[PDB]
Protein chains: 2
Amino acid sequence: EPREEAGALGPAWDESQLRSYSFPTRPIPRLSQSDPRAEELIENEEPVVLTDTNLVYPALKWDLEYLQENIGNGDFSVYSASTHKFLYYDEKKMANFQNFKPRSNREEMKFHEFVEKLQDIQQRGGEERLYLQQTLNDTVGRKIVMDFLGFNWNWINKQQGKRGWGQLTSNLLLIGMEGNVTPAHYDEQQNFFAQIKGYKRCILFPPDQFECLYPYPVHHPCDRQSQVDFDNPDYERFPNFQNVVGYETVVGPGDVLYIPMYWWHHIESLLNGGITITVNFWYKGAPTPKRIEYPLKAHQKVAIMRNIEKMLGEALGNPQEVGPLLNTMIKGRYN
Amino acid sequence: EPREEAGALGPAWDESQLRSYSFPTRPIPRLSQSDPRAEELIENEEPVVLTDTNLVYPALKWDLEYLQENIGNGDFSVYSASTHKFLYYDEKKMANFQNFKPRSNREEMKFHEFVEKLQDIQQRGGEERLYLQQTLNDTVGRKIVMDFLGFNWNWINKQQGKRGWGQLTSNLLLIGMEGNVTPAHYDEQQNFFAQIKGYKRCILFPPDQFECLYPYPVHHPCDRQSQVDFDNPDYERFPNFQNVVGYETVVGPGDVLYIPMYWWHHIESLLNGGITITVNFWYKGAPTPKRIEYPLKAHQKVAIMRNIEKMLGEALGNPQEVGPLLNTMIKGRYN
Ligand SMILES: CCC[C@@H](CC(=O)O)C(=O)C(=O)O
Ligand SMILES: CCC[C@@H](CC(=O)O)C(=O)C(=O)O
Ligand SMILES: [Zn+2]
Ligand SMILES: [Zn+2]
């Protein structure tokens, strides 16, 4: 249920701001960084919302006005779409599938241009949607650098060490409009998802629900994204989606959600909730141990399936032939 | 159609001695060793019956009496079955499938014991069937050694050189009863199949008919054998068997059939034709070239599929899990 803001300022959100879907869920635990149960969840690669890390405490003051003045004059990737769904697609893989035409259009612009184009839309009441997704880099201004350095690196660096993870891969700056949705997908890296402004509903599915969520082929641009339209699921093509069960939570300013590697997640900025701001923290996972302990974990089987698809594309000399060969291998032999 | 024996001795066989099957066929070419078309077929890895190689000319005099006196006192593998079908099974793989109970029973016996047990069956009119399949080795007697040395090694050694094949792997001595059948299967080595006594109907299918013949899993004992009962094909499980087209021939004494590597073959000793004797010649194929030329040949795709199944069994730690994972990879993603 919804949490209550301090100072009797009422519920920060209410259930009417959540989109409706076909599957059940149960809540992700919301715990203190000092709670041993929170450490055991992260250790066991299960999601947990940490409420008091102060991970991005300096960034809680961030809003569009502050950022525009201080984030510098670098280029920012801004996506546009006529729908609320911002399906991610790999442009490098767009050669393998010349019949894929994305629904989101990426435009590279300056931050003040992003703010203005957002102002125009709001002014003219248009229905176009924007999502700014840009990796933080050197080009940011001095005050953002100061904020960045003020993150709680003491806490997250200990997490990185305790879990044996690799190095910090990148921080993504995410600024979306109310109602924006990132469809279900999984990432190959560990993720601390640090909410700054507004509220995001996060729905996670463990890696052992691969069978229910039907990722695209590895060579398709939407590799790692679910083929299922959560708003109109085709149960004839995706029958096991009827068995999908999620882990759900709403993160607000100051919350950090641990999204373990290979865990599916569906992320939506609450309806009529204003703009949302997030910074994520992506780390390479721990190295695979020399002695493989059976039985394998679900995410290890996912990794095997990915490797098979990759190698089959290399060996055949064309990713389009992967499907036919795989069918030939199984029809009447393993099904 | 049937060939006519020299000396006006009538047709060596007639169509009534062939079992009836559901698929069409067209004849394998019967050519002279000196015919350039025969060399081009072997070069292109297509089957051909060579009528005049003299490959096993010294062995044409072989019969049971001669062999019993001279083949020595080594052990011979003799298979028994209540059916005409002698389905091959790998005993080393019988651990992976503890629910597989073979229909053929292997007994290790002396050659005179093989002749006697065959005599008893004939005497009592029993319906039990035997198939002697034993690799020729050092234990054979002096007269068999003389015959073996008299094979046409000049011709076959040139074939081995011209085609870049590996070394001779083994010679199999095959002695079966009339009506005996070796069900459809493919071998990973090149094969010159040298008929000595009696007649065998050989039905071959190219490697690109993998989809129609439904081999067992690689880890099953019947790896490389077809799952289709040629006498009662289950078209619900094996629908593409209705599209199978074979290459057919009957080999007699003095014929040599080139069975290219990975080509399916179904071999049956003609009905009411007496005992059959064959010696085959298995060679490792040429090495795979460093630069892979696309498009791939059919047998290369078969090799890829085999390797995937093998690696998936190693990686998962259990061959029984290969099927489930492969299904998970494809359901709703590549089909
Ligand atoms: C562009 C990726 C951002 C994010 C989802 C979101 O907040 O809309 C996500 O999927 C992740 O941090 O892994
Ligand atoms: C045991 C294998 C013998 C042979 C078939 C047969 O003559 O019954 C075959 O399949 C081959 O030479 O490859
Ligand atoms: Zn993600
Ligand atoms: Zn064979």
Side-chain angles (χ1 to χ4, degrees), chain A residues 207-220 222-223 226-228 233-235 237-241 288 292 294-296 298 300-309 311-335, chain B residues 207-220 222-223 226-228 233-235 237-241 288 292 294-296 298 300-309 311-335:
Chain A
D208 72 6
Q209 285 186 38
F210 183 99
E211 274 219 308
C212 305
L213 291 159
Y214 303 92
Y216 287 84
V218 164
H219 299 270
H220 194 274
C222 301
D223 174 29
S226 174
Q227 292 178 97
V228 178
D234 182 340
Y235 294 134
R237 300 176 60 199
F238 310 127
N240 282 119
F241 191 70
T288 75
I292 294 75
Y294 293 85
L296 297 178
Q300 293 179 293
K301 288 171 162 165
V302 177
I304 287 167
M305 291 192 287
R306 294 187 58 79
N307 284 351
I308 297 302
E309 291 174 63
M311 289 186 306
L312 220 61
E314 216 76 44
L316 295 174
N318 183 336
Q320 304 294 34
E321 254 192 281
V322 171
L325 188 136
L326 284 178
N327 280 290
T328 289
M329 227 196 318
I330 294 171
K331 285 194 284 209
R333 302 183 63 235
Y334 287 105
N335 66 9
Chain B
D208 72 6
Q209 285 186 38
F210 183 99
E211 274 219 308
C212 305
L213 291 159
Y214 303 92
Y216 287 84
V218 164
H219 299 270
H220 194 274
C222 301
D223 174 29
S226 174
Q227 292 178 97
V228 178
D234 182 340
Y235 294 134
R237 300 176 60 199
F238 310 127
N240 282 119
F241 191 70
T288 75
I292 294 75
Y294 293 85
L296 297 178
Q300 293 179 293
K301 288 171 162 165
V302 177
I304 287 167
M305 291 192 287
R306 294 187 58 79
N307 284 351
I308 297 302
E309 291 174 63
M311 289 186 306
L312 220 61
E314 216 76 44
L316 295 174
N318 183 336
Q320 304 294 34
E321 254 192 281
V322 171
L325 188 136
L326 284 178
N327 280 290
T328 289
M329 227 196 318
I330 294 171
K331 285 194 284 209
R333 302 183 63 235
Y334 287 105
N335 66 9

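Here is the naming used below: chain letters follow the sequence lines, and residue numbers restart at 1 for every chain. In what follows, every heavy atom counts, from backbone to side chain, and hydrogens, waters and symmetry copies are set aside.
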**Student:** Kindly compute the distance separating CD (B:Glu211) from CG (A:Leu325), expressed to the nearest 0.5 Å.
**Tutor:**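 These two atoms lie 9.5 Å from each other.
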**Student:** What residues, two or more places apart in sequence or in another chain, satisfy side chain to side chain donor-acceptor pair (under 3.5 Å) together with A:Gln320?
**Tutor:**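 If we apply the side chain to side chain donor-acceptor pair (under 3.5 Å) test to A:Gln320, skipping adjacent residues, there are no hits.
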**Student:** Apply side chain to side chain donor-acceptor pair (under 3.5 Å) to B:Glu309 and list each qualifying residue two or more places apart in sequence or on a separate chain.
**Tutor:** A:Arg333, A:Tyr334
**Student:** How close do B:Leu316 and A:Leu296 get, counting heavy atoms only, and between which atoms?
**Tutor:**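 So the two residues come closest at CA-CD1, 4.3 Å.
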**Student:** Check each atom of A:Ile330 against the heavy atoms of chain B and say whether the ones under 4.5 Å are side chain, backbone, both or neither.
**Tutor:** side chain
**Student:** As an exercise, state the distance from CZ of B:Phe238 to NZ of A:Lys331, rounded to the nearest 0.5 Å.
**Tutor:**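 If I round to the nearest 0.5 Å, the distance is 14.5 Å.
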**Student:** Non-hydrogen atoms of chain B under 4.5 Å away: do they reach the side chain of A:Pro324, the backbone, both or neither?
**Tutor:**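 It is neither, since no heavy atom gets under 4.5 Å.
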**Student:** Do you know the tightest heavy-atom contact between B:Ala315 and A:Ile304?
**Tutor:**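 Closest approach of B:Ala315 to A:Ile304: CB-CD1, 4.1 Å.
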**Student:** Below 4.5 Å, heavy-atom pairs only: which of A:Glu321, A:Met329, A:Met311 has the largest tally toward chain B?
**Tutor:**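 The answer is A:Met329.
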**Student:** Count the heavy-atom pairs under 4.5 Å between each of A:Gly317, A:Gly323, A:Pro217 and chain B, then report the option with the highest count.
**Tutor:** A:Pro217
**Student:** Any chance you could measure B:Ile308, atom CD1, to A:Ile308, atom CD1, to the nearest 0.5 Å?
**Tutor:** 4.5 Å
